[PDB]
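What follows is a set of notes on a single structure, which appears directly below.
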Amino acid sequence: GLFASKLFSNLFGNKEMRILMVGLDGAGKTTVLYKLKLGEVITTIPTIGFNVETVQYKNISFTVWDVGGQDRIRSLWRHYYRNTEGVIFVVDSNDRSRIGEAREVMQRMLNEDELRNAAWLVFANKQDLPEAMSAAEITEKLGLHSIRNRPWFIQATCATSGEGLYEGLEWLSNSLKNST
Ligand SMILES: Nc1nc2c(ncn2[C@@H]2O[C@H](COP(=O)(O)OP(=O)(O)O)[C@@H](O)[C@H]2O)c(=O)[nH]1
C-alpha cells in the first residue's frame, strides 16, 4: 500500500484475493515470478513429478504453475482452485503456433463454476520482440473476442524491459479496488 511512502494509496479492498499464474508453459511465468519478488518461497509436489510453487503476502496469496493437455491433474490443484481468488492468464506473444493451446487451456479453466466469479486477466509477454503478436491480434487470435465482455481484460507487455508490466498490475489493482 505504502512502501517507502512514495504516494498515498487508496486500496482498502480485502475480500479474499489469491492471484495465480495459469496458462501455457514458457508463457513467461519465470520472468513474472521474479517480478512479484516471491513472498513465501514454498516448494511442494502434488503427485508423481509435478512442480508447484506457493507464496503468501500478508493477506493476498499467490501460486504459479503450468498447464496443458499433455499435462496431468490431481486433487491438489482442485483444492487451491476454489481457494484461489485471482485468475491471471499469461501467454507467449511470440508463440502463435501454441496460442491455440493456451486458448484451450483457458477455455477449460474458465469453465470452472467455482471460478465463474473470479477476476480474469490476460497478459501478453514478449511485446519487445519485433516479430511478436500485438494484444489486438492476440486478443482476436486466442478467441478473447469469443468470451463475453467483462470476464477478462487484455494487455500487451514485455517481461524483459518491464514495459507494460507496471501499468498492467496498477490497472488490475484498480479493478480489484472497486468491488461491485
Ligand atoms: N523476447 C522476449 N523473451 C522473453 C520475454 N519474457 C520472457 N522471455 C524469455 O522467454 C523464455 C521463457 O520465459 P519464462 O518466463 O521462463 O517462461 P515460463 O517457462 O512460462 O516461466 C526465457 O528464455 C525468457 O528469458 C519477453 O517479454 N520477450
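Using the numbering of Swiss-Prot, the residues shown for chain A are 2-181, in order.
This deposition comes from solution NMR.
Note that Cβ sites are derived from N, Cα and C of the backbone, with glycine treated the same way.
When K7, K30, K38, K127 are compared in Swiss-Prot, the ubiquitin cross-link annotation sits on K127. Put simply, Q128 (GTP binding site) is 28 Å from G2 (N-myristoyl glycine) when counted between their Cα atoms.
A straight line from the CA of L25 (GTP binding site) to the CA of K127 (ubiquitin cross-link) spans 14 Å. The Cβ neighbour count for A160 (GTP binding site), using a 10 Å radius over every protein chain in view, is 25.
Taking a Cβ cut-off of under 6 Å from any atom of ligand 1, none of the recorded positions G2, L25, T48 qualifies.
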